[PDB]
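> Can you look at this? It's an experimental structure, sequence on top.
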There are 6 protein chains.
Amino acid sequence: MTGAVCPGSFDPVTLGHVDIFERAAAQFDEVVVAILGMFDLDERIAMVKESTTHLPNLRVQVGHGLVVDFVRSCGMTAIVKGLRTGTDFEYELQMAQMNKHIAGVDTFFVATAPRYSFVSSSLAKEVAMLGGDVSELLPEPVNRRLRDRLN
Amino acid sequence: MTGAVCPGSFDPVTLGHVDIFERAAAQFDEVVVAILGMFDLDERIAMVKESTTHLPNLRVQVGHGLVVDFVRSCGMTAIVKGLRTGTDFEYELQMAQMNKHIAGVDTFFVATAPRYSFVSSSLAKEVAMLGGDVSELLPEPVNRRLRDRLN
Amino acid sequence: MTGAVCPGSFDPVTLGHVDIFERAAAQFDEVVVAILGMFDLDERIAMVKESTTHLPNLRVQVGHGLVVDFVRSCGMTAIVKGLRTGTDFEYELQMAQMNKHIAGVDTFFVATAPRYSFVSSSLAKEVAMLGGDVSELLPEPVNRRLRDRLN
Amino acid sequence: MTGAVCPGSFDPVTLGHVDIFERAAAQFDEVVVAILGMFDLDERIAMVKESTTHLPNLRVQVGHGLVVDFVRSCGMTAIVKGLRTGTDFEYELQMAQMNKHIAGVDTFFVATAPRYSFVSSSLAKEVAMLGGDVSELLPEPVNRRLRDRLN
Amino acid sequence: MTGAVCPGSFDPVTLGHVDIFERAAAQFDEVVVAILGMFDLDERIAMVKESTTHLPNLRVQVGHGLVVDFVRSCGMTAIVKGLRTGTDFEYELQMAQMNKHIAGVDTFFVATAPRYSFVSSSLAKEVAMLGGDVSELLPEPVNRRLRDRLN
Amino acid sequence: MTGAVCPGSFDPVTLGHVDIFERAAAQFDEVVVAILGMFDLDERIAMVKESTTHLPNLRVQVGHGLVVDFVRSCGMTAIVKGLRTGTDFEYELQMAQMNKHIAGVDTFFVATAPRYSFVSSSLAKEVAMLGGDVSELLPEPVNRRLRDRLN
Ligand SMILES: O=C(O)CCn1ccc2ccccc21
Ligand SMILES: O=C(O)CCn1ccc2ccccc21
Ligand SMILES: O=C(O)CCn1ccc2ccccc21
Ligand SMILES: O=C(O)CCn1ccc2ccccc21
Ligand SMILES: O=C(O)CCn1ccc2ccccc21
Ligand SMILES: O=C(O)CCn1ccc2ccccc21
């Protein structure tokens, strides 16, 4: 009866994201990954699903966007977002306060583990295009697809 | 004989802006709102004028842009800018120092009241388009026009 | 079966604190306020208890300190802390990462509401001693005791 | 009829401080330097007075402390504070919001010039004790007194 | 046998950049300025070369981009980058950590001198287009070319 | 003929420190760890020496303090300092600029590896006293001594 929504573009999902999903999943009864580019919708959904098989209380869903509306529709009142190096925290704070104002939804921030604290969807893609090895920072399902869209 | 310029795009003006205008207006002999998109020039001017009728020592003017040139032309030497959650303060500081360097103009920053600290022109528009209620964060003259550009 | 610990000195508890307690209480099955100076232990406990009567799933407890040990003893794995203006977030982040490292405990941060975002136990006391009125920022049970320790 | 108060310990006054005093003095009808340690009260007053002879509309006064009370007594509603490298801006912002809450007083922040942006009373003293030359960062009246309290 | 790479777009090179180049050049055996828009490639190369004649151990080179690959090819293991007001340090830190992860390359940050701390290629161009005088913040070779692309 | 000084209290030295020492040692001809409390001087020296046997070009020395004087005496012109989570970077920047002003010495900052980014001498001691296991974050020579000063 407790629930958190984890919203993002997830293009593609990274290990920093999965770290947060695991932590949300361990603290709330249900977690919903809301997928709000390099990969299309079902590729992103599939990559999230394939990377979260170990989390039975998590589900993935496309969202169309006011995150607070999505949260409110799912019957929840909490958003969970990760923090990593390069997160624009002032903007996240502005959105958190706006979201509480308009829909009464709370946002809980949690720091990603240090080893995954410097990956982001954008940087991983940019580095990947130029032949940098980011495979230790992304799930296998993502590495698999990233390799294909190279050769 | 004292004067401050409050520069911005004001697309649209928010209650965070009007809060700063009121504070400038109470500390300087004259305030000039310099309007430097969703709304066109006179819509923005009209919304600022309609939202500042209670400030007889404030006037609104379109500006074409080096803010310091505008300030210097008006016979003033001070810029007043607000700070809110999500303000890029490092960039504002860079511009403040550049502005002092090139024209000797000082920039005074003042924090918007907490209740209006999370609204910004951009976020208010984006939330408004998606049916979020931001009317408590914007002046009536703006809410009025925002409603029309919806229906 | 879900639970969060809200740790602090609470000397005295403020409305920013109670705001966070309410949000924790609404998202977790049990909340434990861990009280880790101007007021002594039971005064602090009493002020927290008196200010949280509307939260049946919250309890107050003195803690002796590694917060993670307290959390682990209570059968929980989550800490919830508020953020306000003046919070030393880099230090909170350092502690959050250390806490995850040593005991696997997650820390969730949530922003206090804007109206209570500038109060802190320290500043409220310092302002109170000098005759400033901070009563709108503190619970009645605290205002009551603060008045007495004045006259 | 406009006025700003510039509060601080000024132990001792630095060129970063005098830079702000000059900018306040040029934008307001009256400026009051409120002196709220290495030097005693009149040494600090004397050093401020000696360093501001070129500012006829500035006066120096000892203050006993809620700054807002001092401001309100002088008939003003504005505080002006400088920002330099190492300023704890989050704490200054917390105090600015508290000050507006309790007495309706506004606080205007202005960045000190780059050349004086790294001096602070504390660092100048600590460096001076260890024989570092900080004379280009402090007024002559201060350098004069600092030399004596060395030999 | 020690070496640092200083990467950037340098469009155009500023005195903040040359300050960092000088400091790198004084601490490492070789410095390579890697040029990764208003000016084309050889204009940028020429402006860097003309502004660094006093640095015999510095050379300029176009780079095609993973900076770490460029560094590794030159036989070095260090990147040197400047910090100025408005630098997005969190993003630089994210890239520094990613760069160490993928290629084992270290990044050393050094603060530009205060007098050049507020210039950036972008701001200098934008100010220059609008007739602001930024000549004290840019090398003569750049001022010379900037003047021409005006008249 | 190149050299960096790494200054600090090192009470005790941590793996975040040794990470920086290794990176300095790999980029400069000589590194000098300047030791400027829980452990006394030779305990700290011994712990640094024992933790740096793999760095032949590093030496340890007690310093008496203006760091810039120490640097200048050793014949060097560079300070190398690490950044970790909780570092007061604004204060480090203020000192870096002051140090350049008074002695022309440059300060290069480098980010500690993510896995050691949350340890600090202070936090490691405080956690250690309360029975937290920080052994993965400190060198064996330190863990050895920390164990003894427990039993
Ligand atoms: O927009 C996005 O996809 C990023 C938003 N986000 C959500 C969870 C999470 C965890 C770490 C870093 C960023 C995160
Ligand atoms: O570009 C803009 O319009 C914003 C610039 N600005 C000017 C006054 C003010 C008050 C609060 C927040 C931002 C503000
Ligand atoms: O040490 C303390 O008491 C403050 C720690 N803390 C815990 C909850 C909370 C909410 C807002 C601000 C600070 C808070
Ligand atoms: O407490 C203090 O004395 C510092 C407060 N302060 C007041 C004016 C000013 C200018 C630059 C830097 C700090 C300043
Ligand atoms: O992208 C760029 O060109 C800026 C990157 N950069 C490199 C050296 C340097 C010095 C001061 C400021 C920025 C700097
Ligand atoms: O005062 C101190 O000992 C810390 C100063 N310091 C020097 C190197 C280093 C590396 C990581 C973190 C802090 C560091």
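Now that the structure is in, tell me what you want to look at. Residues are numbered from 1 along each chain as shown, chains lettered A, B, ... in the order given. Ligands and ions are numbered 1, 2, ... in the order given.

> C-alpha only now, for contacts and for neighbours.
Fine.

> Relative to the whole chain's centre, how far out is the longest helix anywhere in chain A?
When chain A is scanned for its longest helix (criterion: DSSP state H), the result is helix A:89-103. Taking the mean C-alpha point of helix A:89-103 and that of its whole chain, the gap between them comes to 17 Å (CA atoms, centre = their mean, to the nearest Å).

> Which elements pack onto it?
Contacts defined by 3 or more CA pairs under 8 Å, 6 or more residues apart in numbering or on different chains; DSSP states H and E place helix A:89-103 against helix A:67-73, strand A:106-111, strand C:106-111.

> mind listing the helices for chain A?
Along chain A, counting by DSSP H, helices occupy A:15-27, A:41-51, A:67-73, A:89-103, A:121-129, A:140-148.

> could you dump those helices to a markdown table with mean neighbour count?
Formatted as a markdown table, the entries for these read as follows, by neighbours: other CA atoms under 10 Å in any protein chain shown:
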| stretch | mean neighbour count |
| --- | --- |
| helix A:15-27 | 21 |
| helix A:41-51 | 18 |
| helix A:67-73 | 19 |
| helix A:89-103 | 19 |
| helix A:121-129 | 16 |
| helix A:140-148 | 15 |
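
> count of neighbours near residue A:56?
Residues within reach of residue A:56, counting by other CA atoms under 10 Å in any protein chain shown, total 10.

> what about it, distance to chain C?
Residue A:56 is 17 Å from chain C, where distance means CA to the nearest CA, to the nearest Å.

> ditto for residue A:78
From residue A:78 over to chain C (counting by CA to the nearest CA), the distance is 7 Å.

> Check the contact between that residue and residue A:7; I expect there is one.
No - using CA atoms under 8 Å, residue A:78 makes no contact with residue A:7, being 10.9 Å away.

> who has more neighbours, those two?
Neighbours of residue A:78 and residue A:7, each counted by other CA under 10 Å, are more numerous for residue A:78; the result is 25 against 22.

> Of all the residues in chain A, which one is nearest ligand 4?
Chain A approaches ligand 4 most closely through residue A:90 (24.4 Å), counting by CA to the nearest ligand atom.

> Next, the contact list for that residue, please.
Under the criterion of CA atoms under 8 Å, 6 or more residues apart in numbering or on different chains, the neighbours of residue A:90 are B:85, B:86, B:87.

> Now the buried members of these.
Those of the contacts of residue A:90 that meet the buried threshold are B:85, B:86, B:87, by 16 or more other CA atoms under 10 Å in any protein chain shown.

> I'd like those as TSV, with distance to chain F appended.
Rendered in TSV, the data for the buried ones among the contacts of residue A:90 read as follows (distance: CA to the nearest CA, whole Å):
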residue	distance to chain F
B:85	20
B:86	20
B:87	19
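
> Including distance to residue C:60, could those go into a markdown table?
Written out in a markdown table, the entries for the buried ones among the contacts of residue A:90 read as follows (distance: CA to CA, whole Å):
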| residue | distance to residue C:60 |
| --- | --- |
| B:85 | 33 |
| B:86 | 35 |
| B:87 | 38 |
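
> who's in contact with residue A:85?
By CA under 8 Å, 6+ apart, the residues touching residue A:85 are A:117, A:118, E:90, E:91, E:93, E:94.

> Tabulate the residues you listed (TSV), appending distance to residue A:25.
As requested, the contacts of residue A:85 are exported to TSV (distance: CA to CA, whole Å):
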residue	distance to residue A:25
A:117	19
A:118	22
E:90	28
E:91	29
E:93	29
E:94	27
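
> and the residue in chain A positioned nearest to chain F, what is it in contact with?
When CA to the nearest CA is the measure, chain A has its nearest residue to chain F at residue A:114, with 5.0 Å between them. With contacts defined as CA under 8 Å, 6+ apart, the neighbours of residue A:114 are C:97, F:114, F:115, F:117.

> measure residue A:87 to residue E:90 for me?
Using CA to CA, to the nearest Å, residue A:87 is found at 8 Å from residue E:90.

> actually residue A:42, not the one I typed
Note on residue A:42: its distance to residue E:90, by CA to CA, is 32 Å.

> And residue A:96, by the same measure?
Between residue A:96 and residue E:90 the distance is 20 Å, computed by CA to CA.

> likewise residue A:105?
The span separating residue A:105 from residue E:90 equals 28 Å under the rule CA to CA.

> Could you do residue A:89 as well?
10 Å.

> Put together CSV for the helices of chain A, with distance to ligand 5 on each row.
Compiled in CSV, the helices of chain A are given as follows (distance: least, CA to the nearest ligand atom, whole Å):
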stretch, distance to ligand 5
helix A:15-27, 27
helix A:41-51, 32
helix A:67-73, 35
helix A:89-103, 23
helix A:121-129, 16
helix A:140-148, 28
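
> Which one of the ones you listed lies nearest to residue E:20?
helix A:121-129 (25.9 Å; CA to CA).

> got a list of contacts for the closest one?
Looking at helix A:121-129 with CA under 8 Å, 6+ apart, the contacting residues turn out to be A:10, A:11, A:12, A:13, A:14, A:133, A:134, A:146, A:150, E:66.

> same thing but at 6 Å, please
Contacts of helix A:121-129 from elsewhere in the structure, counted by CA atoms under 6 Å, 6 or more residues apart in numbering or on different chains, are A:11, A:12.

> and residue A:35, how many neighbours?
Counted with other CA under 10 Å, residues neighbouring residue A:35 total 22.

> circling back to that earlier point, wait, does the longest helix of chain A contact ligand 1?
No - contact of helix A:89-103 with ligand 1 (CA under 6 Å from any ligand atom) is absent, the minimum separation being 9.4 Å.

> now swap in stretch A:125-143 and tell me
No - with CA under 6 Å from any ligand atom as the threshold, stretch A:125-143 lies outside contact range of ligand 1, at a closest distance of 11.9 Å.

> First-to-last residue distance for that stretch?
Between the opening and closing residues of stretch A:125-143 lies a distance of 11 Å (CA to CA).

> go on, stretch A:68-78?
Start-to-end span of stretch A:68-78 (CA to CA) is 9 Å.

> near ligand 1, anything from it?
No - between stretch A:68-78 and ligand 1, judged by CA under 6 Å from any ligand atom, nothing touches; the nearest distance is 13.1 Å.

> Over to stretch A:22-38?
No - with CA under 6 Å from any ligand atom as the measure, stretch A:22-38 is seen stopping short of ligand 1, the closest distance being 8.0 Å.

> Fine, thanks again, bye for now.
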